[PDB]
Each structure stands twice: as structure tokens, then as C-alpha cells.
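In the form deposited in one PDB entry, a lone chain appears below as C-alpha cells.
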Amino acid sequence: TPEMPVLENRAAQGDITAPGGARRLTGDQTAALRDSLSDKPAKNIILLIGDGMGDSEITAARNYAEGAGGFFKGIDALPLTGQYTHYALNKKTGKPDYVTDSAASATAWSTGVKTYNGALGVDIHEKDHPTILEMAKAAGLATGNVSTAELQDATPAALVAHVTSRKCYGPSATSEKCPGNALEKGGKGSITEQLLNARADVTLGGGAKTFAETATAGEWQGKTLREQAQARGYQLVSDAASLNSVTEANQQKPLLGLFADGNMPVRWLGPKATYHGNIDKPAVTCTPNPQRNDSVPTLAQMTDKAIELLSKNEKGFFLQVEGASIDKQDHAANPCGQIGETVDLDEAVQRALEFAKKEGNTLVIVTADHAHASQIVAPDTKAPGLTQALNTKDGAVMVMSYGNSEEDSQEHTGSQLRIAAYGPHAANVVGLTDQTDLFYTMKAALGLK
């Protein structure tokens, strides 16, 4: 529908050195904005998550790939924008914990309740709360869960599992780490077991490794999680062609793609940032990963296939898409890997917007779970941490800094960050909101109960 606009061009209008040449706007937006506003219900929801993708991450990615005055055709094209809060809680005390982990934040948008770092789908009392995915299914909508990380990862795990600890990937760890959730101890089972019972129509990502584990109890005791899966009607695909083979996906034949043992591979490679690296070493140009593969679907590809299959459902669908590795490359102080995963997410965002523009009843949301370490600093900066100078598209140098940990891993940060939307009920992300509001916004746009 030409009905709801998406920003087609927010790139610098001309010569950046000239008056007005760096403007991104061509004229007054009031009218386009009014036209972007609708309280009609949403038929479908597409939620795209850049893990650790705060404003700095987006800017850095844009500067590198599109140039300072460039524009991300997906990420930057959502018309309605705001800033949201993602603080977690201290388990003991119930008081805010300013810097969340990936499990607590995902639990927030998936269930509408704040929790402690490490928790999945449970509150500070270890009590279960239904996820939006479970809710959609209950209502008859098609449901999809897509990520580039292991499927047991906090991010996608959060829609289908309720455990006291995120580490409880499979039976083995669970019995150790989440006794109360251990299938045998009467619990609901490990993340993977819970994933299997959740039965989303479409689930694609990595983490095949854990499906090799064997059940300690239940109907499928003694057999592998993969066998349990085939035994349950799941359709197991492991590569792009097999995924492409796919013509239908539903409750009779849910789809389960396991494209890697661990996390899917990153798009781009570069060296790790080093002490005084912008000073002592030469500017870097990122290298595409030669081992990413033609047999491995990209996020944009999983995205497109997910949309085709779920769109068959007349009642509608809920779809979560995660660009997982932005966060992990940020933790590794790897500018190139971080940037590449952001550009990768932008493509998927483009696919989503393409569909929603045509479809007309789709709310598309782009945001992150929390902020991260990466900072853009001056070229001749002398920093106490890890730095790297990069060669951008503008043909100039950009320096990135990771100065929040002396440990082998750079930390998340608590800054509020960008949330953006297009479609019905998108006004709900404008201004200041909390991460928990996202849950009530989605539940309400769909009319779930």
C-alpha cells in the first residue's frame, strides 16, 4: 500500500561541504507523519533485533558501509522513532540493575515483566510468564523464530523457554544448573526441550550441537533431541537448498533449521582491536568471510523464507528476527565482525519492510536488547583500551574504541537506545518507553488475549 510510507531517502542531499548539501530532509514531514499513523489492528508482526545494536553501533556501521552521509535502506527507513529503557532488576532486592544481559532484556519484551540477569521467561520469583510467541500460537497465529546464533541462545530462547538460568541449554547443563527445570526433577525441561514442546511453525538458526544430547526422562527418554524432533513431526533442514525445498510450514509439519553446530558464521572478518591500534597499526579494510558459504542461508534469506511460509496463515503471524552476532563481535572488540553483522541485519530489515509495505497490515519493529561497548572516537585518540582505525566508504579513517573491560570481553552498557517502527500501532514506540512496553504494544496490536 502506498498508504504507509517508509523513508526512501534520508541520505545527504548533495555536496556536504556546501550550504544545505548535508541535509537528509527534502521538505516538511508533518504530512508524511500523519500518514504514518494508524490505530487499525495489525495482522502480522515482524520484530527485528540487533543484539547489542545501540546508536553507536548503528552509526559506526553506517559510516563504514554507507559513509557519514549515507543511509541504511532498512534500518534507517522506519519513520517512527523513539528511545527505550532496558534496565533489569537485582534478584535479591527487586531494585534496578542498570546494565542488563541478553536474557533479562529478551524476557522483558517477550513477556512484559522485568527480571534478573540470566533469567529466561521467569520473573524474580522464578515463576513463569507466558511469552508473546506462546500467546500468538494459542490465538491461532503462525509463529516464527529466527536468529544467527545458537537457538539455545538467550535471544531466541526467550520466546519458547522458561528457565532460571540461560546456561541451561540441554539436559546435561539443566540437571546441573537448573535443577527445578530438569525434566527428571519434574521441571519443564532444558531450553532445547522447551523449544521442541513450544512447536513454533518456523524456527531457524544454529545450535545443532545441543540436539545431540539425550533425554534423561520423558516419552523420548534415552533418545537424542534430534530424534525426538523427527519423532515429533518436525521437518529438519540443514542447508540453504534444503531450506529452499520447503513449501509449507505449520503445526502438522513445523520447520526446524539447524545451519550450524554453534553460531552461524559471520559475514566479515578483520583483526581484533588492540592497544593503541589506531596509532601503531594501519587503517583496516574489512574482508568478506571466505567460509560463510553458499550452502548457508543468509539472515535475509531465512527472513524471506520465514515470511513466505508464515504468510500462508490466514489468521496472521508473529515473527522474531535476530542479528545475533553484532553483540558477540562487539564483546570481541572486532570492528569488522560487528559492522558486518549490522549490514547483514539491514538487508533482512529491507526484506521485512518490502513485505509490510505491500501487505499493509504489518507492524515492523527494529531495535536492540541493550547498548554495548563500541565508541567512535577521534583518529589520533590515545586510549587506555582497544582501538582500531578503519577505511570507510567516504575514503576516510574512522577510529573505534572498546574501553570498558580489561577482561577478555567488552561489556554491555546501560544507555537508553533507538527503537523504530512502521505499520499500525507504531506510534507506540515514539518518545520514551520501556522495553516492557514493547510486549504490551505487540500483544495489543495483534489483539491477543
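Residues carry their position along the shown sequence, with the first being 1.
Engineer: As stated in the PDB record, which stretch has the larger average Cα B-factor, 47-55 or 381-389?
Structural biologist: Between 47-55 and 381-389, it is 381-389.
Engineer: Test of understanding: from the entry's C-alpha B-factors, which stretch has the higher mean, 136-144 or 369-377?
Structural biologist: It is 136-144.
Engineer: In terms of recorded Cα temperature factor, pick the maximum from 278, 203, 100, 221.
Structural biologist: That would be 221, according to the entry.
Engineer: For the CA B factor values reported in this entry, which option in 62, 412, 418, 40 has the top one?
Structural biologist: Among 62, 412, 418, 40, the highest C-alpha B-factor in the entry belongs to 40.
Engineer: Splitting the chain's C-alpha B-factors into thirds, which one does residue 354 fall into?
Structural biologist: Answer is highest: the recorded C-alpha B-factor places it there.
Engineer: Can you tell me whether residue 67 has a C-alpha B-factor in the lowest, middle or highest third compared with the other modelled residues of the same chain?
Structural biologist: Lowest third, going by the recorded CA B-factors of the chain.
Engineer: Based on the deposited C-alpha B factors for this chain, I'd like to know if residue 442 is in the lowest, middle or highest third.
Structural biologist: For residue 442, whose C-alpha B-factor we compare with every modelled residue in the chain, the answer is the lowest third.
Engineer: Residue 254's Cα B-factor: lowest, middle or highest third of the chain?
Structural biologist: Answer is highest: the recorded C-alpha B-factor places it there.
Engineer: Lowest, middle or highest third: where is residue 118 by C-alpha B factor in its chain?
Structural biologist: Its C-alpha B-factor belongs to the middle third of this chain's values.
What comes next is about the form deposited with a partner chain bound, which is not displayed.
Engineer: Taking the shortest heavy atom distance, is residue 360 within 4.5 Å of the partner chain in the bound PDB entry?
Structural biologist: Looking in the bound PDB entry, residue contacts with the partner chain do not include residue 360, since no heavy atom lies within 4.5 Å.
Engineer: Looking at the partner-bound form in the bound PDB entry, is residue 167 within 4.5 Å of the partner chain by any heavy atom?
Structural biologist: Residue 167 belongs to the contact set for the partner chain.
Engineer: Residue 177 near the partner chain in the bound PDB entry, any heavy atom under 4.5 Å?
Structural biologist: Yes, contact at 4.5 Å.
Engineer: So, in the bound PDB entry, is residue 328 in contact with the partner chain at a 4.5 angstroms heavy atom limit?
Structural biologist: Residue-level check for residue 328: yes, a contact with the partner chain.
Engineer: Heavy atom within 4.5 Å of the partner chain in the bound PDB entry: which of 350, 117, 301, 228?
Structural biologist: Spelling it out, the residue with a heavy atom inside the cut-off is 117.
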